[PDB]
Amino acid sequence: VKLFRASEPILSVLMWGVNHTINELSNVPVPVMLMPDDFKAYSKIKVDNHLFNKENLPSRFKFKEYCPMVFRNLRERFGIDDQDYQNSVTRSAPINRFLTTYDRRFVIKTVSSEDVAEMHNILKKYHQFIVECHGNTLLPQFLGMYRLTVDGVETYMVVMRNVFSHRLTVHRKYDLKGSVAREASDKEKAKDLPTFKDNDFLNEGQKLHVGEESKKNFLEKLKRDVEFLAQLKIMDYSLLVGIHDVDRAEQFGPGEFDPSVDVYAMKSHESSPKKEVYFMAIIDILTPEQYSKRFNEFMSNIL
């Protein structure tokens, strides 16, 4: 029994919406291949309830899903069961725009009209790339795209796999581009979880010890990714890096995690100083050669 109780009616519509579309899809046969029209397709539902079911939900609202067959396919290729996706969004209000499902597995990002256009723009190629690389990639994993209409207002959302662990705490965040010079602001430098940048990183001497095992895979991955982003003539994307300090945690065991769920996590190396878990993925790709090449190096340095 799902009430879709959330701190805000937008979020209730979202939960209602994700629940409705996933159910709907469960009655849609899984096709032998995606078709070009699936890339221009959408489900639209308009709800108008008179004197009924008002407790958590608005009486009137619209919910639109973009390209449901493509995103259902992406979920699969990313190793994600539709029923778990649904459960993550609906069992409980997502929490604090940049939201997270209650179980921290999926990030829910508000985006713009042009963003959604940019997405349509790259979606066939992005899909094809996901196929070719068998789901293994540092790129953002796009799970669903949606427009909500509440109180006459439209709101676009993209749902992604969370870069960070969902049960492990992060002690560092470093947004990295590799160019110029970027730093953390005074105002921000004193927040609980500071979003440091390139220079703040190098001026700390911070390195990441994953061995040459993990580094070989990671770098091979990184280049094919940024090459793809470049071939798409895209840029200004960062490498989000999270650092979890095991020991500090002690102040179901520490450092323990499920690689199939925390897809970006990486164990520290034997021959390494402190014991930690790193999280590394490419974020912010919705907007060339020079940027890629550079970003590729700067990243291959800290490691």
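Quick note: we count residues from 1 along the sequence shown, nothing fancier.
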According to the PDB record, deposited residues with no modelled atoms between residue 251 and residue 252 number 10 or more
Here the number of deposited-sequence residues unresolved in the coordinates between residue 96 and residue 97 is 4 to 9
When mean C-alpha B-factors in the record are compared for 272 to 280 and 22 to 30, the larger belongs to 272 to 280
Averaging the C-alpha temperature factors as deposited, the higher value of 161 to 169 versus 197 to 205 falls on 197 to 205
The largest CA temperature factor among 104, 147, 189, 124 is found at 189
From the entry's CA B-factor values, the highest among 138, 230, 130, 210 is 210
Binned into thirds over the chain's modelled residues, the C-alpha B-factor of residue 70 lands in the lowest
Of the three thirds of the chain ranked by Cα temperature factor, residue 222 occupies the middle
Residue 214: CA temperature factor from the record, placed by chain third, in the highest
Of the three thirds of the chain ranked by Cα temperature factor, residue 84 occupies the lowest
Tertile call for residue 182 (CA temperature factor, within chain, third-based) is the highest
